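Worksheet: the structure to be examined is printed underneath.
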Amino acid sequence: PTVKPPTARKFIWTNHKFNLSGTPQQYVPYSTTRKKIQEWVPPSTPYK
Amino acid sequence: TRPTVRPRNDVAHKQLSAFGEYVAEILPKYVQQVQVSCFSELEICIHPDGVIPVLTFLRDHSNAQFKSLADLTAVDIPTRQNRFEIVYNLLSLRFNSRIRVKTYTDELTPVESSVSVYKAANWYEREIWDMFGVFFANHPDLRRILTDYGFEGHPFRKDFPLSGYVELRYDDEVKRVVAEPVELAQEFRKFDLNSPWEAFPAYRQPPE
Amino acid sequence: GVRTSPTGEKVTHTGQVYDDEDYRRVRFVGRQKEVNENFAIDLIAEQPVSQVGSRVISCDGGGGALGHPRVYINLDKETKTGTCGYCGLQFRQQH
Amino acid sequence: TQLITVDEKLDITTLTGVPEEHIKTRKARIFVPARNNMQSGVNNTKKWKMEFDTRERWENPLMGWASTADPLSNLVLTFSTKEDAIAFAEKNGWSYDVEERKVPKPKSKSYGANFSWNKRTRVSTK
Amino acid sequence: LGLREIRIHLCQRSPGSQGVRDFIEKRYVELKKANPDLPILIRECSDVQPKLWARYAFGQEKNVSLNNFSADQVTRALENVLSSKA
Amino acid sequence: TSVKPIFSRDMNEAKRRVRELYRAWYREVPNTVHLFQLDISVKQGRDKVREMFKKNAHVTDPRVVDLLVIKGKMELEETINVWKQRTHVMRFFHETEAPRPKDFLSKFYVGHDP
Amino acid sequence: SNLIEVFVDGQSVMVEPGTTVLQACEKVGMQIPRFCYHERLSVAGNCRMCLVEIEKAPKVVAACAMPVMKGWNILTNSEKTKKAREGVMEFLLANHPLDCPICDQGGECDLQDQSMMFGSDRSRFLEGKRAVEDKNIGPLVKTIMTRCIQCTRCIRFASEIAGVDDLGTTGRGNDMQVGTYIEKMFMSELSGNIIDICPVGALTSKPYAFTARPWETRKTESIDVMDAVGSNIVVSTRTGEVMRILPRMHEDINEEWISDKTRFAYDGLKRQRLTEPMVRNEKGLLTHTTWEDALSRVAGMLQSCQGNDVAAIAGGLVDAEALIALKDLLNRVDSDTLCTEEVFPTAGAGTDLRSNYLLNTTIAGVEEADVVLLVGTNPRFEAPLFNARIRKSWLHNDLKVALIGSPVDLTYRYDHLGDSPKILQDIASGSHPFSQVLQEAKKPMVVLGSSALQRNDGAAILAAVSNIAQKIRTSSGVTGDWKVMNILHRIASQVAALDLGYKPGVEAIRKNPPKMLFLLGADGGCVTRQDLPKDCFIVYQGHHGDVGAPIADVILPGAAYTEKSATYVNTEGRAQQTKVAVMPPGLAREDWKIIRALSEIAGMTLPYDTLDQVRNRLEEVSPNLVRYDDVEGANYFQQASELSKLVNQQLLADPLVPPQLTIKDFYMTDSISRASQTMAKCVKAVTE
Ligand code: SF4
Ligand code: SF4
Ligand code: FES
Ligand SMILES: [K+]
Ligand SMILES: [Zn+2]
């Protein structure tokens with residue numbers, strides 16, 4: 001890359017990070033979708 | 001049709017048709033059908049009672065000399081009342097040829113073992129019994145060969161699910177590997193990939 | 001354009017965030033929740049619209065074989081620009 | 001005589017290795033699948049299919065995948081005629097229900113009906 | 001304790017239900033006139049057997065078979081059901 | 001309606017084969033308990049053998065019970081020789097499996113399964 | 001016989017005169033490709049995909065429109081037939097957009113399928129494609145007209161079936177476009193069928209947009225419960241979530257169409273759900289609880305009640321199994337106050353004979369009629385596919401339709417006799433010209449709406465209409481197997497409830513109010529807490545919290561129609577079953593299982609444990625409920641006519657006004673529709 005530098009893009013990381021396994025910065029999987037079924041919230045007033 | 005189409009062999013087709021006529025005329029007691037495919041493969045469908053005579057004739061005749069047994073297979077077709085189709089593939093080194101002998105049986109009818117003709121049939125039909133539950137009468141040593149030692153059910157049948165009924169895990173309370181009912185973290189997704197349009201009109205079935 | 005929560009949890013670009021009473025926030029305790037800081041919806045909003053002098057335009061994403069399949073966009077409507085269905089770039093007729 | 005007489009009904013449930021609660025608590029369904037209304041092809045409505053009732057699917061706590069505990073969830077069997085499917089279900093000890101095949105009745109098609117002299121079947125445009 | 005409802009199941013075309021059909025067509029109007037508050041549910045079916053269900057208080061149920069009966073036989077059976085109340 | 005037999009022509013010889021297989025299993029249960037260092041007694045093993053035979057005791061087809069005797073003979077030969085481990089022998093006893101509720105109310109409480 | 005002989009690929013086949021080449025090829029199992037031909041639409045013959053070769057003839061003919069004469073040999077797989085197919089496919093794909101990954105038709109596209117099967121494999125087009133400006137025809141149908149192939153199924157459907165005549169073709173040559181030419185919303189009750197019949201991805205479902213792909217969706221064949229027509233549907237799910245609803249094919253109900261409410265109520269089916277049993281706390285607020293606590297409280301309150309102290313109301317989306325479970329449970333406590341929200345008059349024969357509350361002819365029997373009289377109803381919105389059948393008979397069979405009531409739009413021309421019941425009195429007295437028309441009718445048909453029976457003089461209206469029907473049927477030229485009297489229902493649970501012995505209407509509760517009320521999805525608000533005594537124990541059982549759930553004391557979460565196998569009877573008496581597509585969310589259970597467990601807790605255990613034993617009990621109560629996809633006849637019209645003539649209820653002066661006058665009132669009917677955001681969008685679109 002001193003001869004043929006890579007293409008500069010705005011989203012490319014400016015700071016490379018090594019393998020963070022076993023560190024507090026390790027990757028934790030999760031679901032990226034939202035809730036499917038919406039529940040019925042009961043009214044906060046008495047039926048009287 | 002030159003570059004991208006498979007060239008057709010007609011001399012081999014004629015020879016295989018003539019030999020199919022020869023076999024079906026020598027053995028009319030067991031042979032039920034003789035066909036030759038598009039890519040020049042001869043299939044002889046016979047009655048299950050004549051497995052030993054047909055195979056011994058094909059092994060020992062001077063005009064057959066089918067000394068090699070390549071593969072022995074069962075196929076599960078549930079819509080037939082004899083759902084299991086047992087397929088013998090034979091190779092003749094003298095004439096440089098291959099033949100296919102097919103028979104049928106259901107779950108409860110045994111088939112005569114062909115160990116007395118070909119010795120590879122021992123392990124081959126031991127595997128067939130293990131995977132399809134087809135009993136082979138007059139076998140030397142018939143048991144399971146590929147499944148687990150306590151396995152229940154025959155997995156290559158088409159009513160057996162892909163994932164089985166049990167799964168193994170190590171339990172620390174009993175300090176042992178135990179079998180439990182199967183539960184998947186992600187269910188195997190079924191895909192309906194069949195097109196609703198007919199592809200090959202030459203294989204069209206007549207209507208009822 | 002990341003956003004935070006009253007819990008203190010980052011909200012992903014798909015809008016996912018664990019609830020305050022949800023027990024599944026315990027997986028991030030002592031660790032971190034990974035999100036992408038570059039929101040594509042905010043990033044494609046900064047691209048200027050391209051003004052052309054034709055009734056229709058063609059888009060391949062740039063790079064030819066390295067882009068998306070080439071599509072054609074109509075520019076008959078004057079109230080709105082013509083957005084490409086693949087790359088999200090928008091076009092406007094000059095007249 | 002090498003041929004014995006068995007006058008009992010064919011039942012092979014003791015040999016298949018299926019657990020009993022996947023036999024006595026499952027409902028097999030024998031039916032010709034409906035044509036997909038998004039397409040005009042009818043090649044998928046030629047064969048009878050036998051399948052099973054859908055059991056519970058829940059969400060994985062980790063990734064949100066669809067988890068199940070039913071081994072017969074993806075079991076779809078294909079039969080050429082209805083009686084083969086009936087015999088296969090009765091042989092395996094599954095309680096089954098059968099739906100009759102629905103065929104489209106023939107229509108009367110006429111291109112000249114679009115330009116009738118005095119009938120309501122005229123087309124306003126074309 | 002007391003009768004609550006009467007159910008009469010029959011078939012439209014079978015000859016074993018002809019007595020029940022004749023009884024309905026001749027006497028059902030005056031039967032309903034006699035008992036205006038009593039639900040007498042007549043149910044047809046393609047190949048069902050002629051049957052007479054009678055429900056009493058607290059879910060008690062009784063069954064009478066009307067197969068190959070005449071109009072007088074099912075009339076007497078209905079009189080017995082109305083007069084029983086047990 | 002004539003079918004080809006496997007080993008038994010009718011039900012009597014099939015019942016004899018069942019009897020012989022039960023005798024062989026009953027004889028081998030103490031040796032299986034001793035050699036595998038199982039945590040069960042001989043009585044529990046014999047009760048399991050009897051329970052399997054009683055579970056499989058509603059069949060009237062001679063060929064089906066011939067196949068059942070054949071599979072039991074394979075299992076017995078598999079156990080006489082040390083081919084099964086301790087886990088395969090103990091897989092008949094579901095110790096780690098949770099007790100499945102049977103009445104309607106508990107099944108109603110725990111899920112949608114009938 | 002008048003049949004002639006033709007040959008398909010050398011195989012002889014006898015065909016009727018008037019048969020096309022396409023139908024003759026279909027008779028031997030060969031399906032000629034099509035893009036514009038539809039079997040339920042008129043023949044246009046413009047796509048030219050069906051060009052087949054007749055032997056000894058130097059020209060290919062369009063098989064969808066060409067009739068066969070005798071001695072013809074059809075060559076479906078000859079060389080020039082394949083050449084014509086390849087050329088037409090090349091011309092169709094010349095200007096098509098490269099949008100297959102971003103288009104919802106991918107994987108179920110007819111163009112893709114019979115381009116792979118019959119077309120070539122590469123493109124010779126070295127020019128630029130065209131682009132068409134997109135249109136807006138409503139919040140239901142997403143329109144992308146760059147993908148349109150000008151097959152003109154849009155206009156043929158909207159003109160011959162929906163009867164709207166809003167779609168058309170504007171332009172000439174390659175610039176010809178399909179559209180409405182103005183900013184008009186194509187808003188009908190049958191709008192989604194234009195999504196169904198579009199062979200390409202030009203018209204797509206906007207709620208379904210960008211959500212799934214057709215190969216990964218599991219299909220479950222079920223029955224629609226949104227109305228009383230009983231349309232057959234296929235619910236396509238994906239990983240345990242309901243994705244979309246498609247029509248099924250049934251030639252006697254809903255041939256291949258469904259209504260828009262059926263097609264788009266699922267998004268409300270996944271909202272405002274009940275997932276956990278609730279009980280009132282000491283502050284009077286509904287809080288979550290376990291199943292044991294709620295069942296024990298309900299059973300303990302039920303044990304102290306006996307007689308008319310306990311009643312039950314059935315909603316509009318209740319299966320037969322839950323109805324018979326609640327009837328058996330309430331009969332174990334010696335209670336007969338089982339009511340339905342929809343009112344049917346019990347004067348005369350009542351609900352005893354099945355002939356006076358059924359659509360006695362058939363849904364498919366409108367094809368055989370010649371004069372149809374509709375009384376006090378709007379069949380366009382109460383039963384849209386029944387109106388579609390009436391329009392089909394009006395178009396092809398030249399039906400004569402007259403209406404008594406408000407002059408609503410029915411997408412065909414009728415004779416508006418008026419809206420007073422005195423016209424019904426005048427028809428039977430013979431002082432009307434329409435009386436002579438009915439007397440001259442060979443196959444008359446009188447239809448009374450269920451909404452006309454909700455009035456206080458509903459019994460008099462039923463008596464007058466039955467008087468007309470029995471004056472026509474006995475005297476005029478009717479053979480006897482033709483049924484004239486008919487009643488059109490609008491509630492899916494009404495016929496099953498009336499068969500099992502439920503008393504129609506809530507007048508029995510209003511006579512002597514109970515101290516414990518059961519609500520099985522009774523969200524119509526017929527009985528509120530003002531009519532009931534001061535401390536009434538209301539138990540609500542359902543899937544949606546809409547009206548009856550705030551006023552309840554114990555809430556028992558039930559299952560929807562897509563979450564259980566259930567028995568439903570449509571308006572013609574045909575029984576049908578819905579299969580399980582997904583499972584109820586949270587702690588929700590099946591309805592009859594809840595009632596059976598409640599019986600077990602109270603010590604009054606019902607004698608059925610599984611679904612099949614419940615259906616055996618259902619067969620015991622009435623045998624026609626367990627015979628699916630069969631229509632059973634109902635005789636004894638004369639007996640019901642003789643019984644209905646006893647009490648002379650006086651007719652009122654109010655005109656017969658249907659409750660659904662415009663398209664705005666059609667969308668929001670029940671709890672499933674009211675919880676749908678798509679219905680809210682449709683109402684907002686048609687009101688602005
Ligand atoms: S309509 Fe069919 S051919 Fe056109 S983009 Fe969609 S999937 Fe592709
Ligand atoms: S939008 Fe679809 S249905 Fe309408 S004319 Fe075009 S291709 Fe045909
Ligand atoms: S199907 Fe005949 S021209 Fe289109
Ligand atoms: K479409
Ligand atoms: Zn682009």
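For the structure tokens, the naming scheme is as follows: chains receive sequential letters (A, B, ...) according to their order of presentation, residues are indexed from 1 within each chain, and ligands are indexed from 1 in presentation order.
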
Ligand 5 neighbours within 8 Å using only C-alpha atoms and all ligand atoms, as a ChimeraX atom specification: /C:58-62,67-71,84-89

I'd like the neighbourhood of region 24-34 of chain A as an mmCIF file with C-alpha atoms, in the first residue's frame, where a residue qualifies if any of its atoms comes within 7 Å (using only C-alpha atoms), though same-chain residues fewer than 6 positions away should be ignored.
data_model
loop_
_atom_site.group_PDB
_atom_site.id
_atom_site.type_symbol
_atom_site.label_atom_id
_atom_site.label_comp_id
_atom_site.auth_asym_id
_atom_site.auth_seq_id
_atom_site.Cartn_x
_atom_site.Cartn_y
_atom_site.Cartn_z
ATOM 1 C CA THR C 14 -33.478 -1.652 12.582
ATOM 2 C CA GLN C 16 -34.279 -2.957 18.094
ATOM 3 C CA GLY C 30 -19.714 -7.178 31.733
ATOM 4 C CA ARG C 31 -19.642 -7.076 27.918
ATOM 5 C CA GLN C 32 -20.875 -4.809 25.121
ATOM 6 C CA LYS C 33 -23.694 -4.713 22.577
ATOM 7 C CA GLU C 34 -22.318 -4.404 19.052
ATOM 8 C CA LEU D 62 -30.525 -16.353 22.040
ATOM 9 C CA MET D 63 -31.061 -15.446 18.377
ATOM 10 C CA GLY D 64 -34.841 -15.467 17.996
#

Proximal residues of chain B relative to chain G (only C-alpha atoms; 8 Å) as an MDAnalysis selection string: chainID B and resid 189:193 195:199 206:207

At most 12 Å is the cut-off: for each residue in chain G with any atom that close to an atom of ligand 3, write down the nearest atom pair and the distance in Å rounded to one decimal, counting only C-alpha atoms and all ligand atoms, chain first then increasing number, as CSV.
residue,atom,partner,partner_atom_place_in_ligand_line,distance
G:20,CA,ligand 3,2 (Fe),10.4
G:21,CA,ligand 3,2 (Fe),9.9
G:22,CA,ligand 3,2 (Fe),8.3
G:23,CA,ligand 3,2 (Fe),11.5
G:31,CA,ligand 3,1 (S),10.9
G:32,CA,ligand 3,1 (S),8.2
G:33,CA,ligand 3,1 (S),6.8
G:34,CA,ligand 3,1 (S),3.8
G:35,CA,ligand 3,4 (Fe),5.1
G:36,CA,ligand 3,4 (Fe),4.4
G:37,CA,ligand 3,1 (S),4.3
G:38,CA,ligand 3,1 (S),7.9
G:39,CA,ligand 3,1 (S),10.3
G:41,CA,ligand 3,1 (S),11.6
G:42,CA,ligand 3,1 (S),11.1
G:43,CA,ligand 3,2 (Fe),7.8
G:44,CA,ligand 3,3 (S),7.0
G:45,CA,ligand 3,3 (S),3.6
G:46,CA,ligand 3,3 (S),4.6
G:47,CA,ligand 3,4 (Fe),3.9
G:48,CA,ligand 3,3 (S),3.6
G:49,CA,ligand 3,4 (Fe),5.3
G:50,CA,ligand 3,2 (Fe),4.4
G:51,CA,ligand 3,2 (Fe),6.8
G:52,CA,ligand 3,2 (Fe),9.4
G:60,CA,ligand 3,3 (S),11.3
G:61,CA,ligand 3,2 (Fe),8.9
G:62,CA,ligand 3,2 (Fe),5.2
G:63,CA,ligand 3,2 (Fe),5.7
G:64,CA,ligand 3,2 (Fe),4.2
G:65,CA,ligand 3,2 (Fe),6.4
G:66,CA,ligand 3,2 (Fe),8.9
G:84,CA,ligand 3,3 (S),11.7
G:85,CA,ligand 3,3 (S),11.0
G:88,CA,ligand 3,3 (S),10.1
G:89,CA,ligand 3,4 (Fe),11.7
G:92,CA,ligand 3,4 (Fe),11.7
G:149,CA,ligand 3,4 (Fe),11.2
G:150,CA,ligand 3,4 (Fe),10.8
G:151,CA,ligand 3,4 (Fe),7.7
G:152,CA,ligand 3,4 (Fe),10.1
G:153,CA,ligand 3,4 (Fe),10.4
G:199,CA,ligand 3,4 (Fe),11.6

Every residue of chain D that DSSP places in helix (DSSP H, G or I), as number ranges by chain: D: 20-22, 43-45, 71-74, 82-91, 111-115

Nearby residues, ligand 4, 7 Å, only C-alpha atoms and all ligand atoms, as a list in words: residues 38 of chain D; 105, 195, 196, 197, 198, 199, 200, 201, 202, 203 and 204 of chain G

Need to verify the contact set: residue 38 (chain C), 7 Å, only C-alpha atoms, exclusion of same-chain residues closer than 2 positions in sequence. Can you return it as a compact mmCIF listing (two decimals) with N, CA and C atoms, in the first residue's frame?
# COMPACT_ATOMS: atom_id res chain seq x y z
N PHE A 11 -16.99 5.12 5.20
CA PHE A 11 -17.43 4.15 6.18
C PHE A 11 -16.34 3.17 6.60
N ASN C 36 -23.69 -1.06 14.51
CA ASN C 36 -23.00 -0.39 13.42
C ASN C 36 -23.30 1.10 13.50
N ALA C 40 -27.23 3.47 7.08
CA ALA C 40 -27.31 3.61 5.63
C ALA C 40 -28.44 4.53 5.21

Long-range neighbours of region 117-124 of chain B as number ranges by chain, 9 Å cut-off, only C-alpha atoms, 6 positions minimum in chain: B: 52, 55-56, 59, 67-73, 139-142, 145

Expected selection as a ChimeraX atom specification for ligand 1 within 6 Å, only C-alpha atoms and all ligand atoms: /G:98-100,103,105-106,109,111-112,147,200-201
